[PDB]
Amino acid sequence: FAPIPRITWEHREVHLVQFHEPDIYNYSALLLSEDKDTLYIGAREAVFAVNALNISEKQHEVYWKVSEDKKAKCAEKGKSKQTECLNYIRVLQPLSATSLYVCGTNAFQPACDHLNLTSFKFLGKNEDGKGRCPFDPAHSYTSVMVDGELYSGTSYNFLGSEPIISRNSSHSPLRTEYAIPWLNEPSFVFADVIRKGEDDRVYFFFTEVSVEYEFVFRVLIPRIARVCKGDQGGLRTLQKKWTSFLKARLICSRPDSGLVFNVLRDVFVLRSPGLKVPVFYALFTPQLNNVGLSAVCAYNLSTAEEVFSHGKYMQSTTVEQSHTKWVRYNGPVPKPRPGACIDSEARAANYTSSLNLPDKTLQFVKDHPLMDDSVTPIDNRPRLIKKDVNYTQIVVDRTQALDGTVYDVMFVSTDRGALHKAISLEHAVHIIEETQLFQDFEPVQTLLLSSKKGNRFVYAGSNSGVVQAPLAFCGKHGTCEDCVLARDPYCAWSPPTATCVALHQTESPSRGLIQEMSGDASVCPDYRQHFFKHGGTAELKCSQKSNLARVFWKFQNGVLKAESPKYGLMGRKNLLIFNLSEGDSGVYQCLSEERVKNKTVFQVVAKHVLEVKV
Amino acid sequence: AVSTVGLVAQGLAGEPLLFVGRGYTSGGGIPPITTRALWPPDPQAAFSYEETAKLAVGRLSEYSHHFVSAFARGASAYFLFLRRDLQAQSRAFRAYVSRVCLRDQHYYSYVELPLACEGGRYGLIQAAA
Ligand SMILES: *[C@@H]1O[C@H](CO)[C@@H](O[C@@H]2O[C@H](CO)[C@@H](O[C@@H]3O[C@H](CO)[C@@H](O)[C@H](O)[C@@H]3O)[C@H](O)[C@H]2NC(C)=O)[C@H](O)[C@H]1NC(C)=O
Ligand SMILES: *[C@@H]1O[C@H](CO)[C@@H](O[C@@H]2O[C@H](CO)[C@@H](O[C@@H]3O[C@H](CO)[C@@H](O)[C@H](O)[C@@H]3O)[C@H](O)[C@H]2NC(C)=O)[C@H](O)[C@H]1NC(C)=O
Ligand SMILES: *[C@@H]1O[C@H](CO)[C@@H](O[C@@H]2O[C@H](CO)[C@@H](O)[C@H](O)[C@H]2NC(C)=O)[C@H](O)[C@H]1NC(C)=O
Ligand SMILES: *[C@@H]1O[C@H](CO)[C@@H](O[C@@H]2O[C@H](CO)[C@@H](O)[C@H](O)[C@H]2NC(C)=O)[C@H](O)[C@H]1NC(C)=O
Ligand SMILES: *[C@@H]1O[C@H](CO)[C@@H](O[C@@H]2O[C@H](CO)[C@@H](O)[C@H](O)[C@H]2NC(C)=O)[C@H](O)[C@H]1NC(C)=O
Ligand SMILES: *[C@@H]1O[C@H](CO)[C@@H](O)[C@H](O)[C@H]1NC(C)=O
C-alpha cells in the first residue's frame, strides 16, 4: 500500500484561486478553450466563462433555468421539485471556434442547445437530448465530441432502465442493442477518440454487472470498449446499430494480497509528447468490502488493441436448460473479422463500409460483443494502491526531471475535497504532497489538467464551486535539504536566488541547479531568543511539514526526554519547561528525523536561546 | 414446431396495427411481443415496430415463450402463453395472461398475471376462446 502524503497543505497555506456563483451549485462540467486561457464551467442551471489564469475573474455568464410549470410537471412524477427537477448541465463540448454544444437534464426532459460564444447566449435550438443526456442528475453519463458528432454513453430513458452508447450523427445515427450481452446495467465513466487505411476508434469505459462471473451477489466488472469512427451500421441486420462494438474486462488487482478493484471511477489518457502509444490511467475502487480503498492502474493502448484485434471472443451457452453461462469461443471466426474497422484488408476484398459487410460477420459481432481475454495493466499490477482514501478523479502529467528521468505525475482527487500528488519512484509509491482544495470537504466530482507552457494548472469541480491549483508549490520549501527531500520532479533548488524553484518554469540556469530524486540532501552546501521570569513556564514552538518525520528536543547537546515534572510536550512538537531556574538557561534545539531509503535525515527545525531572569 | 400469435387492432387514428406473440426460436433474438404497423406512410416500412413498441426481455432463451392466443377487449390487447417462472427456484413453465393498452406504444402499461387451474394441477394452457 502507498504511504501517507509526505506534506499536507491546508487551504490557508497555499495560493488557490476559487470560483462559485451565489445560489448556483453542482459545478460538474469543465471545458477549457483552444487558447487554454478561458475555462468554461457547466453548473446546475448555468454556464460561465472564466479567466483560466485566475478562475475568480468571471468573464461571461448564461443561465438555463427551469419554468415552474416544468418543475411541477416533474414533481407530479414523484421527483424532488427543488432537487432533481432542475437543469443539470451534463454535456459541455466544443462545437466550433464560435460555439459549444450544451445538454442539461432539464426536469427530466433532456434538452440540447448551441451556446453562441460571441454573445454567451443560447441559440434556442431546443433539441431533444434523449440518448445524448441523462434525465436524472443521479444517472451516469459520458460524452466525446468527435468531428462535430456527439458520441455519448448514458441512459436512454427516465428510469434509467435502458442504457445506450450512441452517435447523434444526423447522416448516420448509430446506437447499441438493448441486450444484456451488449450492456448489462452499465455506469458510464469515460470516453475519448484514439486517432490513427486504419480508421480512428472511439473508446468507452464503464462498470456493468458481469455475465462471465457468478458469486454471492451480482459482480460488477470494469469494461474497456471501442467503436469505429467510420461505422454506418449493418444493411439487413444491425440497421442503425454498431457493427464495431467490442468490449473486454479491465483488470485492476494484486492477487498475492486478494485485492480486486472491480469498480472503475475515472480514466485519463496520457498523450505522450515522446511515446507514440497513449497510456490509459484508470482509477478503481472495490465493489466488495470498500472501506475505502483506491487503486490506480495504467493500461498500454497496444495491449487493449491486441485483445480487440486478435483475442478469442466469448460464447453464451444454454446450461440445463434454463440457465446461461459464458465460455471462451474456440470455434470458427468469420472473415472479415467481426467488430473490426474498415481497414486496408477489408478494402482489398471490395468492402468500403459496414453497410457492405457479410451478414455472417455482422451476426457474429451482434451475438459476441464480449472478448475472452482481459485487458491487463502495464507491469501486470496497479501503479498505486491506497487505504483509508476514496479517490474520485485522476489526471497525469508526463514531466522530465533535472536528470532527464521521466516521471508520470498522478494528481488524484478525494471524496473530501483533497488532491494528492503521487509518482511511482523506484518500485514504490511516493505521495509528494496533499492539498485541501475545498474548505468544505466537498467531493471532487470533476478534474481537468492544463500542462501547457505558462498556464500549468489543475481545475477541480465540486457541488460548492471550482478550484484552480498549480502543479507544484516549490516556493513553500525553505532550505535546499527541504527542497531536495520533497522528491518532486517539478522542484529544484536555486543557490543564486536562495529559493526552491519550479524547474521547467523559472528563468534560472539548468546546469547550476540542485535536484536528487534519491532524497540525498547531501548535494546541498549547508536563534529565536527568549527571556522568561524565574519559576515560570516556557513553550518553545517548533513545527515542520513532513507527516513522515518525527521531532525530538535537545538541550545542552543531549537528547532531552519530555517527561513530568520538569518537561512536557504540547501537541507532540512544542517543548514545555515547567519550573524555570538558573540551570534551565541556554540553547534548546528541535530536531527532525525522517527515513528516505535505509538512511535517516536529521534536520534542525528550531533553534532557541532561553534566558531565565532573577 | 414454434407458434406465433397475432391480433389486428387500430391505432388512435384508425390505422391498422398488428400485435405479435412470437415464441422463442433457438438469428432469432426478436422481442416476444410487438406492435407492428400494417400500412404506414412508407408502405415499404410495413410490419416494422417503432423500436419502442415492444416487450424488451433480456434473456429470451431462459424465459422460452410459448404463445397460445392473442385477443382484444375494450382498450386492451391480451396474450395467453407459457414461459418459465424464473421467480420460482423450480424455474418450471407456467401459464400466464398478459395485458397492454391498445394505444401504448412503449409497452408502459404491460402487466402479467399467472393463471391457475386449479392451483396449477393442470399447469399447461392449450387453447382458449
Ligand atoms: C506499450 O506497448 C507497446 C507494444 O509493444 C510497446 O512497444 C514496443 O516495445 C518493444 C520492447 O522493446 C519494442 O521492441 C524493441 O525495443 C528495443 C529497445 O531499444 C529495440 O532495441 C529493438 O530493436 C526493438 O525495437 C518495440 O519496438 C516497441 N514498439 C512500439 C510501437 O513502441 C511500448 O513500449 C509499451 N509502452 C509502455 C509504457 O509499456
Ligand atoms: C447539487 O449540489 C447541492 C449543493 O450541496 C447538493 O445538495 C445536497 O443534497 C443532499 C441530498 O441529496 C442533502 O442531504 C440531505 O439528505 C437527507 C437524507 O434524507 C434529507 O433528509 C435532507 O433533507 C437532505 O436532503 C444536502 O443537505 C444538500 N446540501 C445542502 C447544502 O443543502 C445536491 O445534492 C447536488 N445534486 C447532485 C445531483 O449532485
Ligand atoms: C452569434 O453571436 C453573434 C454576437 O452578436 C451574432 O452576431 C451578429 O450577427 C449579425 C448578422 O447575423 C450582425 O449583423 C451583427 O452585427 C452581429 N453582432 C455582433 C455583436 O457581432 C451572430 O449572428 C450569432 N450567430 C448566430 C448563429 O446566431
Ligand atoms: C444531432 O442529431 C440531429 C438530428 O438531425 C442533428 O440535426 C441537424 O443538424 C444540422 C446542422 O448540424 C442541420 O442542418 C439539420 O437540418 C438538422 N436536422 C435535424 C432533424 O435536426 C444535430 O446537428 C446533431 N447534433 C450533433 C452535435 O451531432
Ligand atoms: C470511503 O467511502 C465509503 C463509501 O464508499 C465510506 O463508507 C460509508 O461511510 C458512511 C459514514 O458513516 C456510512 O454511513 C456508510 O454506511 C458507509 N458505507 C459503506 C458501504 O461502508 C467510508 O467511510 C469512506 N472512508 C474513507 C476513509 O474515505
Ligand atoms: C485575480 O487574482 C489577483 C491575485 O490576488 C486578485 O488580486 C484579483 O482581484 C483577481 N481578479 C478577480 C476578478 O478576482
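By the numbers in Swiss-Prot, the shown part of chain A spans 24-219, 226-555, 561-648.
Just so you know, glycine gets a Cβ as well, placed from its N, Cα and C.
Now, the feature entries from Swiss-Prot:
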DISULFID  A:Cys97-A:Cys108  disulfide bond
DISULFID  A:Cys126-A:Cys135  disulfide bond
DISULFID  A:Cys257-A:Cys370  disulfide bond
DISULFID  A:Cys281-A:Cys326  disulfide bond
DISULFID  A:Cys503-A:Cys520  disulfide bond
DISULFID  A:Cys509-A:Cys553  disulfide bond
DISULFID  A:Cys512-A:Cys529  disulfide bond
DISULFID  A:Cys576-A:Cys624  disulfide bond
DOMAIN    A:502-551  domain 'PSI'
CARBOHYD  A:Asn49  N-linked glycosylation site
CARBOHYD  A:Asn77  N-linked glycosylation site
CARBOHYD  A:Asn139  N-linked glycosylation site
CARBOHYD  A:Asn191  N-linked glycosylation site
CARBOHYD  A:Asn329  N-linked glycosylation site
CARBOHYD  A:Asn379  N-linked glycosylation site
CARBOHYD  A:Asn419  N-linked glycosylation site
CARBOHYD  A:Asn613  N-linked glycosylation site
CARBOHYD  A:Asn632  N-linked glycosylation site
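Closeness to ligand 4 is met by none of the recorded positions A:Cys126, A:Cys257, A:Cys529, A:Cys576, A:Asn613, no Cβ falling under 6 Å from the molecule.
In this structure, A:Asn49 are the recorded positions from A:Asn49, A:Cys135, A:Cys509, A:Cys512 whose C-beta falls under 6 Å of some atom of ligand 2. Spatially, by CA atoms, the recorded positions A:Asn49, A:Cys97, A:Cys108, A:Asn139 include one closest to A:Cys503 (disulfide bond), and that is A:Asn49. Among the recorded positions listed (A:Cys108, A:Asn419, A:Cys512), A:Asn419 have a CB atom closer than 6 Å to some atom of ligand 5, in sequence order. In this structure, A:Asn77 are the recorded positions from A:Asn77, A:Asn419, A:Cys553 whose C-beta falls under 6 Å of some atom of ligand 6. Residue density at A:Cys553 (disulfide bond): 17 other Cβ atoms are found within 10 A of its Cβ, drawing on all protein chains shown. Ranked by CA distance from A:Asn419 (N-linked glycosylation site), the recorded positions A:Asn49, A:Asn77, A:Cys126, A:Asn139, A:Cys553 have A:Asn49 at the top as the closest. Distance noted between the C-alpha atoms of A:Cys281 (disulfide bond) and A:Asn329 (N-linked glycosylation site) is 13 Å. Ligand 3 lies within reach of A:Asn139 from the recorded positions A:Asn77, A:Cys97, A:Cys135, A:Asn139, A:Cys520, A:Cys553, judged by a C-beta closer than 6 angstroms to any of its atoms.
Highest local Cβ density among the disulfide-bonded residues A:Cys257, A:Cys281 belongs to A:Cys281, counted as other Cβ atoms within 10 Å over all protein chains shown. Counting every protein chain shown, 11 other Cβ atoms lie within 10 Å of the Cβ of A:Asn613 (N-linked glycosylation site). Under the three-state DSSP scheme, A:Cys553 (disulfide bond) falls in the coil class.
Sequence-distant contacts of A:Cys520 (disulfide bond), defined by Cβ-Cβ distance under 8 angstroms and a gap of at least six in the same chain, are A:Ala501, A:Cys503, A:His506, A:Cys512, A:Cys529, A:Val530, A:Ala531, A:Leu532, A:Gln544.
Among the recorded positions A:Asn49, A:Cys97, A:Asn329, A:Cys576, the residues whose Cβ lies under 6 Å from any atom of ligand 1 are, in sequence order, A:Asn329. Figure note: comparing Cβ neighbours within 10 Å for the glycosylation sites A:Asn77, A:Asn139, A:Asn379, A:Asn632, the maximum is reached by A:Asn139. The disulfide-bonded residues listed here are A:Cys97, A:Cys126, A:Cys370; among them, A:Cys126 has the most other Cβ atoms within 10 Å of its own Cβ. A Cα-Cα distance of 36 Å separates A:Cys326 (disulfide bond) from A:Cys553 (disulfide bond).
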